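structure37.pdb, holding PDB, C-alpha atoms:
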ATOM      1  CA  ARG A   1      -6.831-130.709 -22.737
ATOM      2  CA  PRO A   2      -9.714-132.619 -21.129
ATOM      3  CA  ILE A   3     -13.356-131.632 -20.651
ATOM      4  CA  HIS A   4     -14.873-132.204 -17.200
ATOM      5  CA  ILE A   5     -18.164-131.357 -15.556
ATOM      6  CA  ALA A   6     -17.635-128.669 -12.925
ATOM      7  CA  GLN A   7     -19.705-126.999 -10.206
ATOM      8  CA  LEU A   8     -19.734-123.295 -11.062
ATOM      9  CA  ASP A   9     -22.864-121.330 -10.238
ATOM     10  CA  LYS A  10     -24.434-124.550 -11.522
ATOM     11  CA  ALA A  11     -23.197-127.756 -13.131
ATOM     12  CA  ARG A  12     -21.651-126.982 -16.526
ATOM     13  CA  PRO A  13     -19.110-128.535 -18.899
ATOM     14  CA  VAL A  14     -15.708-126.850 -18.706
ATOM     15  CA  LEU A  15     -12.406-126.806 -20.589
ATOM     16  CA  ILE A  16      -9.398-127.404 -18.338
ATOM     17  CA  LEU A  17      -7.209-124.386 -19.088
ATOM     18  CA  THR A  18      -4.559-125.266 -16.499
ATOM     19  CA  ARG A  19      -1.760-127.335 -18.011
ATOM     20  CA  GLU A  20      -2.174-131.048 -17.329
ATOM     21  CA  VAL A  21       1.544-131.100 -16.456
ATOM     22  CA  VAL A  22       0.891-129.585 -13.012
ATOM     23  CA  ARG A  23      -2.741-130.663 -12.499
ATOM     24  CA  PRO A  24      -2.111-133.432  -9.896
ATOM     25  CA  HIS A  25       0.084-130.893  -8.072
ATOM     26  CA  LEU A  26      -2.463-128.100  -7.477
ATOM     27  CA  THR A  27      -5.580-127.731  -5.339
ATOM     28  CA  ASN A  28      -7.139-125.327  -7.866
ATOM     29  CA  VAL A  29      -7.638-125.490 -11.632
ATOM     30  CA  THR A  30      -8.361-122.768 -14.183
ATOM     31  CA  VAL A  31     -11.245-123.674 -16.494
ATOM     32  CA  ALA A  32     -13.257-122.170 -19.345
ATOM     33  CA  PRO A  33     -17.031-122.780 -19.240
ATOM     34  CA  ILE A  34     -18.982-124.256 -22.143
ATOM     35  CA  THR A  35     -22.420-122.751 -22.806
ATOM     36  CA  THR A  36     -24.889-123.523 -25.580
ATOM     37  CA  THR A  37     -25.606-119.789 -25.976
ATOM     38  CA  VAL A  38     -23.487-118.998 -29.042
ATOM     39  CA  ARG A  39     -22.932-115.236 -29.179
ATOM     40  CA  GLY A  40     -20.596-115.022 -32.180
ATOM     41  CA  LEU A  41     -17.606-113.571 -30.333
ATOM     42  CA  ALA A  42     -14.025-114.055 -31.485
ATOM     43  CA  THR A  43     -13.182-115.339 -27.985
ATOM     44  CA  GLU A  44     -15.338-118.445 -28.538
ATOM     45  CA  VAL A  45     -14.174-121.887 -29.673
ATOM     46  CA  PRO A  46     -16.816-124.217 -31.172
ATOM     47  CA  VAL A  47     -17.378-127.662 -29.665
ATOM     48  CA  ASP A  48     -20.087-130.155 -30.589
ATOM     49  CA  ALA A  49     -21.277-133.715 -29.956
ATOM     50  CA  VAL A  50     -17.882-135.011 -31.102
ATOM     51  CA  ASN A  51     -16.327-133.439 -28.005
ATOM     52  CA  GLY A  52     -19.025-134.883 -25.741
ATOM     53  CA  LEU A  53     -22.015-132.534 -25.690
ATOM     54  CA  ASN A  54     -25.627-133.028 -26.720
ATOM     55  CA  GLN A  55     -26.381-129.876 -28.707
ATOM     56  CA  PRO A  56     -23.591-127.791 -30.279
ATOM     57  CA  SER A  57     -21.824-125.492 -27.833
ATOM     58  CA  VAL A  58     -18.878-123.100 -27.503
ATOM     59  CA  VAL A  59     -15.949-122.573 -25.142
ATOM     60  CA  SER A  60     -16.402-119.110 -23.596
ATOM     61  CA  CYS A  61     -12.869-117.785 -23.087
ATOM     62  CA  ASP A  62     -14.123-114.461 -21.690
ATOM     63  CA  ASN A  63     -15.481-116.213 -18.571
ATOM     64  CA  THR A  64     -12.517-118.294 -17.418
ATOM     65  CA  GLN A  65     -12.510-119.196 -13.726
ATOM     66  CA  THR A  66     -10.147-120.806 -11.220
ATOM     67  CA  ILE A  67     -12.211-123.264  -9.160
ATOM     68  CA  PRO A  68     -11.229-125.723  -6.405
ATOM     69  CA  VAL A  69     -10.484-129.240  -7.606
ATOM     70  CA  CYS A  70     -13.209-130.342  -5.167
ATOM     71  CA  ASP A  71     -15.703-128.745  -7.580
ATOM     72  CA  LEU A  72     -14.244-130.699 -10.525
ATOM     73  CA  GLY A  73     -16.379-133.674 -11.503
ATOM     74  CA  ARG A  74     -16.695-136.383 -14.137
ATOM     75  CA  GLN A  75     -14.392-136.469 -17.157
ATOM     76  CA  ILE A  76     -16.660-136.274 -20.207
ATOM     77  CA  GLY A  77     -14.742-135.790 -23.429
ATOM     78  CA  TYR A  78     -11.690-134.117 -24.899
ATOM     79  CA  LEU A  79     -10.704-131.077 -26.935
ATOM     80  CA  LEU A  80      -9.340-132.356 -30.240
ATOM     81  CA  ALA A  81      -5.709-131.446 -30.877
ATOM     82  CA  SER A  82      -6.756-129.799 -34.155
ATOM     83  CA  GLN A  83      -8.682-127.225 -32.080
ATOM     84  CA  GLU A  84      -5.615-126.258 -30.027
ATOM     85  CA  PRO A  85      -4.457-123.428 -32.368
ATOM     86  CA  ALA A  86      -7.868-121.754 -32.113
ATOM     87  CA  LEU A  87      -7.795-121.997 -28.307
ATOM     88  CA  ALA A  88      -4.556-120.014 -28.152
ATOM     89  CA  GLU A  89      -6.088-117.622 -30.682
ATOM     90  CA  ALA A  90      -9.205-117.177 -28.536
ATOM     91  CA  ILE A  91      -7.280-116.472 -25.324
ATOM     92  CA  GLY A  92      -4.835-114.103 -27.014
ATOM     93  CA  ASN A  93      -7.628-111.915 -28.364
ATOM     94  CA  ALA A  94      -9.611-112.227 -25.126
ATOM     95  CA  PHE A  95      -6.748-110.674 -23.133
ATOM     96  CA  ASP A  96      -4.885-108.776 -25.915
ATOM     97  CA  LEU A  97      -1.651-110.756 -25.798
ATOM     98  CA  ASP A  98       1.179-110.711 -28.343
ATOM     99  CA  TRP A  99       1.034-114.313 -29.529
TER     100      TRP A  99
ATOM    101  CA  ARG B   1      -3.548-102.843 -18.685
ATOM    102  CA  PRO B   2      -4.759-101.148 -15.490
ATOM    103  CA  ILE B   3      -4.608-102.320 -11.875
ATOM    104  CA  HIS B   4      -7.794-101.996  -9.808
ATOM    105  CA  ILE B   5      -8.855-103.072  -6.348
ATOM    106  CA  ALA B   6     -11.414-105.868  -6.596
ATOM    107  CA  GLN B   7     -13.692-107.766  -4.215
ATOM    108  CA  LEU B   8     -12.679-111.418  -4.513
ATOM    109  CA  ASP B   9     -12.906-113.561  -1.399
ATOM    110  CA  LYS B  10     -11.532-110.351   0.115
ATOM    111  CA  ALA B  11     -10.285-107.014  -1.191
ATOM    112  CA  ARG B  12      -7.148-107.541  -3.288
ATOM    113  CA  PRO B  13      -5.282-105.756  -6.086
ATOM    114  CA  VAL B  14      -5.939-107.296  -9.498
ATOM    115  CA  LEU B  15      -4.606-107.096 -13.053
ATOM    116  CA  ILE B  16      -7.330-106.482 -15.635
ATOM    117  CA  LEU B  17      -6.806-109.358 -18.069
ATOM    118  CA  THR B  18      -9.820-108.497 -20.231
ATOM    119  CA  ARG B  19      -8.867-106.229 -23.121
ATOM    120  CA  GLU B  20      -9.638-102.579 -22.412
ATOM    121  CA  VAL B  21     -11.092-102.408 -25.939
ATOM    122  CA  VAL B  22     -14.318-104.127 -24.834
ATOM    123  CA  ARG B  23     -14.293-103.240 -21.115
ATOM    124  CA  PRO B  24     -17.084-100.584 -21.184
ATOM    125  CA  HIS B  25     -19.120-103.115 -23.195
ATOM    126  CA  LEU B  26     -19.178-106.045 -20.735
ATOM    127  CA  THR B  27     -20.773-106.663 -17.344
ATOM    128  CA  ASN B  28     -17.926-108.999 -16.328
ATOM    129  CA  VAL B  29     -14.141-108.663 -16.419
ATOM    130  CA  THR B  30     -11.388-111.277 -16.248
ATOM    131  CA  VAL B  31      -8.690-110.381 -13.719
ATOM    132  CA  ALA B  32      -5.491-111.823 -12.259
ATOM    133  CA  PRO B  33      -5.021-111.387  -8.489
ATOM    134  CA  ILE B  34      -1.913-109.850  -6.943
ATOM    135  CA  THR B  35      -0.645-111.470  -3.735
ATOM    136  CA  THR B  36       2.450-110.664  -1.695
ATOM    137  CA  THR B  37       3.120-114.401  -1.245
ATOM    138  CA  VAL B  38       5.842-114.936  -3.856
ATOM    139  CA  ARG B  39       6.055-118.658  -4.621
ATOM    140  CA  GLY B  40       8.653-118.612  -7.406
ATOM    141  CA  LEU B  41       6.419-120.023 -10.141
ATOM    142  CA  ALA B  42       6.964-119.322 -13.828
ATOM    143  CA  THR B  43       3.320-118.185 -14.044
ATOM    144  CA  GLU B  44       4.072-115.154 -11.843
ATOM    145  CA  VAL B  45       4.854-111.609 -12.990
ATOM    146  CA  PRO B  46       6.649-109.323 -10.498
ATOM    147  CA  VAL B  47       5.100-105.990  -9.528
ATOM    148  CA  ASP B  48       6.331-103.574  -6.872
ATOM    149  CA  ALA B  49       5.738-100.108  -5.414
ATOM    150  CA  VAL B  50       6.271 -98.605  -8.875
ATOM    151  CA  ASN B  51       3.038-100.266 -10.004
ATOM    152  CA  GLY B  52       1.172 -99.063  -6.913
ATOM    153  CA  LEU B  53       1.701-101.541  -4.079
ATOM    154  CA  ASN B  54       3.270-101.156  -0.652
ATOM    155  CA  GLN B  55       5.489-104.230  -0.384
ATOM    156  CA  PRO B  56       6.688-106.105  -3.490
ATOM    157  CA  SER B  57       4.097-108.447  -4.969
ATOM    158  CA  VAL B  58       3.408-110.719  -7.947
ATOM    159  CA  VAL B  59       0.636-111.238 -10.493
ATOM    160  CA  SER B  60      -0.663-114.794  -9.983
ATOM    161  CA  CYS B  61      -1.669-115.986 -13.457
ATOM    162  CA  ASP B  62      -2.699-119.430 -12.174
ATOM    163  CA  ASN B  63      -5.636-117.905 -10.255
ATOM    164  CA  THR B  64      -7.338-115.757 -12.888
ATOM    165  CA  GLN B  65     -11.020-115.049 -12.269
ATOM    166  CA  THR B  66     -13.939-113.468 -14.123
ATOM    167  CA  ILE B  67     -15.751-111.215 -11.637
ATOM    168  CA  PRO B  68     -18.734-108.861 -12.044
ATOM    169  CA  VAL B  69     -17.824-105.257 -12.785
ATOM    170  CA  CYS B  70     -19.845-104.406  -9.657
ATOM    171  CA  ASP B  71     -16.997-105.984  -7.659
ATOM    172  CA  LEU B  72     -14.411-103.816  -9.459
ATOM    173  CA  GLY B  73     -13.238-100.892  -7.352
ATOM    174  CA  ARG B  74     -10.710 -98.066  -7.313
ATOM    175  CA  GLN B  75      -8.103 -97.722 -10.054
ATOM    176  CA  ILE B  76      -4.725 -97.858  -8.304
ATOM    177  CA  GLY B  77      -1.831 -98.088 -10.727
ATOM    178  CA  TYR B  78      -0.793 -99.545 -14.054
ATOM    179  CA  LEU B  79       1.193-102.428 -15.505
ATOM    180  CA  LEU B  80       4.178-100.920 -17.302
ATOM    181  CA  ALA B  81       4.269-101.634 -21.030
ATOM    182  CA  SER B  82       7.741-103.153 -20.597
ATOM    183  CA  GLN B  83       6.116-105.914 -18.507
ATOM    184  CA  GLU B  84       3.646-106.850 -21.259
ATOM    185  CA  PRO B  85       5.895-109.500 -22.916
ATOM    186  CA  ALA B  86       6.262-111.335 -19.599
ATOM    187  CA  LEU B  87       2.485-111.287 -19.061
ATOM    188  CA  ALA B  88       1.905-113.130 -22.334
ATOM    189  CA  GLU B  89       4.751-115.453 -21.345
ATOM    190  CA  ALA B  90       3.150-116.147 -17.957
ATOM    191  CA  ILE B  91      -0.293-116.931 -19.388
ATOM    192  CA  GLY B  92       1.089-119.099 -22.189
ATOM    193  CA  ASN B  93       2.962-121.335 -19.759
ATOM    194  CA  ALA B  94       0.071-121.280 -17.279
ATOM    195  CA  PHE B  95      -2.282-122.807 -19.871
ATOM    196  CA  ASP B  96       0.249-124.472 -22.244
ATOM    197  CA  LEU B  97      -0.469-122.359 -25.312
ATOM    198  CA  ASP B  98       1.593-122.147 -28.504
ATOM    199  CA  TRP B  99       2.626-118.498 -28.360
TER     200      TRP B  99
END
Re-express the file's structure as structure tokens.
Amino acid sequence: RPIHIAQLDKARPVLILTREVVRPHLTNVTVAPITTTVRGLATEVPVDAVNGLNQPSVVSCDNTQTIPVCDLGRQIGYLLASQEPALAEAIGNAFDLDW
Amino acid sequence: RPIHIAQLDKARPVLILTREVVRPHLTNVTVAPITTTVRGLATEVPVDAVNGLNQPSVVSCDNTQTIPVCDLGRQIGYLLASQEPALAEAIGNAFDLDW
């Protein structure tokens, strides 16, 4: 579950949502952007300087995007495996899925 | 879980992934496109003329996008509630989540 820099509307840190199993086999990748604007939504997952940011930030699961791999840039961090349960929790509530 | 026409790169049918609970409260909406090109991936959910298409089609959960509501168009169908378990199954495998 790596964290790259990606070219969205502008350069932002993103969470690779697409499974790393099939990543070298696809021309596109689904990502979740990371913005410093914390809005206090359930669909957010906190990330901080431990993950690889300057100021504290959040993974915005309501704004997931599938971008070309050409727009995927430097690898700058990782989502800790202890945060994985909350990621599934964020996506399930974001889309109303029966996890 | 409605099915609208949306303006992506071109006009396509889409599955509203964003929960309808918060839909009239957001300027963006996360959708999953529907293409007739069936590739036989686990991350696909079959839809047909019952849902509101001409030829049989599939929900491509590897290409989900968050688009402005301004690009959301006519309501043309519905995802049957019996297909809901497969939708959660498709997204969970698409992102490797512990459903």
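Taking only C-alpha atoms into account, chain B lies nearest to A:88 out of the set A:72, A:88, A:79, A:49.
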- Query: Quick one: which residues end up in the PyMOL selection byres ((chain B and resi 38-43) around 10) for this structure, as a list in words?
  - Reply: residues 34, 35, 36, 37, 44, 45, 46, 56, 57, 58, 59, 60, 61, 62, 63, 86, 87, 88, 89, 90, 91, 92, 93, 94 and 95 of chain B
Is it possible to see chain A as a PDB file with C-alpha atoms, keeping the file's coordinate frame, once it has been laid onto chain B by a least-squares fit on every C-alpha atom in order?
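So out-v6.pdb came out as:
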ATOM      1  CA  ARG A   1      -3.548-102.842 -18.685  1.00  0.00           C
ATOM      2  CA  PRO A   2      -4.759-101.148 -15.490  1.00  0.00           C
ATOM      3  CA  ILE A   3      -4.607-102.319 -11.875  1.00  0.00           C
ATOM      4  CA  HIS A   4      -7.794-101.996  -9.807  1.00  0.00           C
ATOM      5  CA  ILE A   5      -8.854-103.072  -6.348  1.00  0.00           C
ATOM      6  CA  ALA A   6     -11.414-105.867  -6.596  1.00  0.00           C
ATOM      7  CA  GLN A   7     -13.692-107.766  -4.215  1.00  0.00           C
ATOM      8  CA  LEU A   8     -12.679-111.419  -4.514  1.00  0.00           C
ATOM      9  CA  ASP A   9     -12.906-113.561  -1.400  1.00  0.00           C
ATOM     10  CA  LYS A  10     -11.533-110.351   0.115  1.00  0.00           C
ATOM     11  CA  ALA A  11     -10.285-107.014  -1.191  1.00  0.00           C
ATOM     12  CA  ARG A  12      -7.149-107.541  -3.288  1.00  0.00           C
ATOM     13  CA  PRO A  13      -5.282-105.755  -6.086  1.00  0.00           C
ATOM     14  CA  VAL A  14      -5.939-107.296  -9.498  1.00  0.00           C
ATOM     15  CA  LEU A  15      -4.605-107.095 -13.053  1.00  0.00           C
ATOM     16  CA  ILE A  16      -7.331-106.482 -15.635  1.00  0.00           C
ATOM     17  CA  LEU A  17      -6.806-109.357 -18.069  1.00  0.00           C
ATOM     18  CA  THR A  18      -9.820-108.496 -20.230  1.00  0.00           C
ATOM     19  CA  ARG A  19      -8.866-106.230 -23.120  1.00  0.00           C
ATOM     20  CA  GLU A  20      -9.638-102.579 -22.412  1.00  0.00           C
ATOM     21  CA  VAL A  21     -11.093-102.408 -25.939  1.00  0.00           C
ATOM     22  CA  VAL A  22     -14.319-104.127 -24.834  1.00  0.00           C
ATOM     23  CA  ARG A  23     -14.294-103.240 -21.115  1.00  0.00           C
ATOM     24  CA  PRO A  24     -17.084-100.584 -21.184  1.00  0.00           C
ATOM     25  CA  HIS A  25     -19.120-103.115 -23.195  1.00  0.00           C
ATOM     26  CA  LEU A  26     -19.178-106.045 -20.735  1.00  0.00           C
ATOM     27  CA  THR A  27     -20.774-106.663 -17.344  1.00  0.00           C
ATOM     28  CA  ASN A  28     -17.926-108.999 -16.328  1.00  0.00           C
ATOM     29  CA  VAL A  29     -14.140-108.663 -16.419  1.00  0.00           C
ATOM     30  CA  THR A  30     -11.388-111.278 -16.247  1.00  0.00           C
ATOM     31  CA  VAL A  31      -8.690-110.381 -13.718  1.00  0.00           C
ATOM     32  CA  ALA A  32      -5.491-111.823 -12.259  1.00  0.00           C
ATOM     33  CA  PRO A  33      -5.021-111.387  -8.489  1.00  0.00           C
ATOM     34  CA  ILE A  34      -1.913-109.850  -6.944  1.00  0.00           C
ATOM     35  CA  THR A  35      -0.645-111.469  -3.735  1.00  0.00           C
ATOM     36  CA  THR A  36       2.450-110.664  -1.695  1.00  0.00           C
ATOM     37  CA  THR A  37       3.120-114.401  -1.244  1.00  0.00           C
ATOM     38  CA  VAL A  38       5.842-114.937  -3.856  1.00  0.00           C
ATOM     39  CA  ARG A  39       6.055-118.658  -4.621  1.00  0.00           C
ATOM     40  CA  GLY A  40       8.653-118.612  -7.407  1.00  0.00           C
ATOM     41  CA  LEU A  41       6.419-120.023 -10.141  1.00  0.00           C
ATOM     42  CA  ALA A  42       6.964-119.321 -13.828  1.00  0.00           C
ATOM     43  CA  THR A  43       3.321-118.185 -14.044  1.00  0.00           C
ATOM     44  CA  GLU A  44       4.072-115.153 -11.843  1.00  0.00           C
ATOM     45  CA  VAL A  45       4.853-111.609 -12.990  1.00  0.00           C
ATOM     46  CA  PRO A  46       6.649-109.323 -10.498  1.00  0.00           C
ATOM     47  CA  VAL A  47       5.099-105.990  -9.528  1.00  0.00           C
ATOM     48  CA  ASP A  48       6.331-103.574  -6.872  1.00  0.00           C
ATOM     49  CA  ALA A  49       5.739-100.109  -5.414  1.00  0.00           C
ATOM     50  CA  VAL A  50       6.271 -98.605  -8.874  1.00  0.00           C
ATOM     51  CA  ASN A  51       3.039-100.266 -10.004  1.00  0.00           C
ATOM     52  CA  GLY A  52       1.171 -99.063  -6.913  1.00  0.00           C
ATOM     53  CA  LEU A  53       1.701-101.541  -4.078  1.00  0.00           C
ATOM     54  CA  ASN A  54       3.270-101.155  -0.652  1.00  0.00           C
ATOM     55  CA  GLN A  55       5.490-104.230  -0.384  1.00  0.00           C
ATOM     56  CA  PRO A  56       6.688-106.104  -3.490  1.00  0.00           C
ATOM     57  CA  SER A  57       4.097-108.447  -4.969  1.00  0.00           C
ATOM     58  CA  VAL A  58       3.408-110.720  -7.947  1.00  0.00           C
ATOM     59  CA  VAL A  59       0.637-111.239 -10.493  1.00  0.00           C
ATOM     60  CA  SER A  60      -0.662-114.794  -9.984  1.00  0.00           C
ATOM     61  CA  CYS A  61      -1.668-115.986 -13.457  1.00  0.00           C
ATOM     62  CA  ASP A  62      -2.699-119.430 -12.174  1.00  0.00           C
ATOM     63  CA  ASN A  63      -5.636-117.905 -10.254  1.00  0.00           C
ATOM     64  CA  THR A  64      -7.338-115.757 -12.889  1.00  0.00           C
ATOM     65  CA  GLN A  65     -11.020-115.049 -12.269  1.00  0.00           C
ATOM     66  CA  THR A  66     -13.939-113.468 -14.123  1.00  0.00           C
ATOM     67  CA  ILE A  67     -15.751-111.215 -11.636  1.00  0.00           C
ATOM     68  CA  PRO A  68     -18.734-108.861 -12.045  1.00  0.00           C
ATOM     69  CA  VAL A  69     -17.824-105.257 -12.785  1.00  0.00           C
ATOM     70  CA  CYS A  70     -19.844-104.405  -9.658  1.00  0.00           C
ATOM     71  CA  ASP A  71     -16.997-105.984  -7.659  1.00  0.00           C
ATOM     72  CA  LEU A  72     -14.411-103.816  -9.459  1.00  0.00           C
ATOM     73  CA  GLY A  73     -13.239-100.892  -7.352  1.00  0.00           C
ATOM     74  CA  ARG A  74     -10.711 -98.066  -7.312  1.00  0.00           C
ATOM     75  CA  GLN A  75      -8.103 -97.721 -10.053  1.00  0.00           C
ATOM     76  CA  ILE A  76      -4.725 -97.858  -8.305  1.00  0.00           C
ATOM     77  CA  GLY A  77      -1.831 -98.088 -10.727  1.00  0.00           C
ATOM     78  CA  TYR A  78      -0.793 -99.545 -14.055  1.00  0.00           C
ATOM     79  CA  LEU A  79       1.193-102.429 -15.505  1.00  0.00           C
ATOM     80  CA  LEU A  80       4.179-100.920 -17.302  1.00  0.00           C
ATOM     81  CA  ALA A  81       4.269-101.634 -21.030  1.00  0.00           C
ATOM     82  CA  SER A  82       7.742-103.153 -20.597  1.00  0.00           C
ATOM     83  CA  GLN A  83       6.116-105.914 -18.506  1.00  0.00           C
ATOM     84  CA  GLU A  84       3.646-106.850 -21.259  1.00  0.00           C
ATOM     85  CA  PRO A  85       5.896-109.500 -22.916  1.00  0.00           C
ATOM     86  CA  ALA A  86       6.262-111.335 -19.599  1.00  0.00           C
ATOM     87  CA  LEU A  87       2.486-111.287 -19.061  1.00  0.00           C
ATOM     88  CA  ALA A  88       1.905-113.130 -22.334  1.00  0.00           C
ATOM     89  CA  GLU A  89       4.750-115.453 -21.345  1.00  0.00           C
ATOM     90  CA  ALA A  90       3.150-116.146 -17.957  1.00  0.00           C
ATOM     91  CA  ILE A  91      -0.293-116.932 -19.388  1.00  0.00           C
ATOM     92  CA  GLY A  92       1.089-119.099 -22.188  1.00  0.00           C
ATOM     93  CA  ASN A  93       2.962-121.335 -19.759  1.00  0.00           C
ATOM     94  CA  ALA A  94       0.071-121.280 -17.279  1.00  0.00           C
ATOM     95  CA  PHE A  95      -2.282-122.806 -19.871  1.00  0.00           C
ATOM     96  CA  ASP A  96       0.249-124.473 -22.244  1.00  0.00           C
ATOM     97  CA  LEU A  97      -0.469-122.360 -25.312  1.00  0.00           C
ATOM     98  CA  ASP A  98       1.593-122.147 -28.504  1.00  0.00           C
ATOM     99  CA  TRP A  99       2.626-118.498 -28.360  1.00  0.00           C
TER     100      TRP A  99
END
- Within 10 Å of residue 80 (chain A), counting all atoms listed in the file, which residues qualify if same-chain residues fewer than 5 places away don't, as an NGL selection string? :A and (1-2 or 47 or 50-51)
- Of A:6, A:66, A:32, A:24, the one sitting nearest chain B when using all atoms listed in the file is A:66
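Proximity ranking of A:3, A:70, A:14, A:53 relative to residue 27 (chain A) places A:70 first, based on all atoms listed in the file.
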- Message: Given the point (-21.1, -124.6, -8.6) in the file's coordinates, find the residues that have an atom at most 12 Å from it, counting only C-alpha atoms, and give them as number ranges by chain.
- Response: A: 5-14, 33, 65-73
- Task: Could you jot down the CA of residue 77 (chain A) to CA of residue 48 (chain A) separation for me, Å, one decimal place?
- Result: 10.6 Å
- Item | Residues near residue 18 (chain A), cut-off 8 Å, all atoms listed in the file, skip fewer than 2 positions along chain, as a VMD selection string | (chain A and resid 16 20 22 to 23 29 to 31) or (chain B and resid 62 94 to 96)
Please define a box with edges along x, y and z of the file around all atoms of region 84-97 of chain B given in the file, extend it by 3 Å on each side, and return its centre and edge lengths in Å to one decimal, as lines of an AutoDock Vina configuration file.
center_x = 2.0
center_y = -115.7
center_z = -21.3
size_x = 14.5
size_y = 23.6
size_z = 14.0
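Coordinates place CA of residue 52 (chain B) at a distance of 7.4 Å from CA of residue 78 (chain B).
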- Give me, please, the distance in Å between CA of residue 4 (chain B) and CA of residue 17 (chain A), quoted to one decimal. 24.2 Å
- Item | Nearest residue to chain A from the set B:83, B:28, B:75, B:54 (distances using all atoms listed in the file) | B:28
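Restricting the calculation to all atoms listed in the file, the smallest distance between chain B and any of A:76, A:84, A:25, A:19 is found for A:19.
When all atoms listed in the file are used to compute distances to chain B, the closest of the residues A:55, A:82, A:21, A:74 turns out to be A:21.
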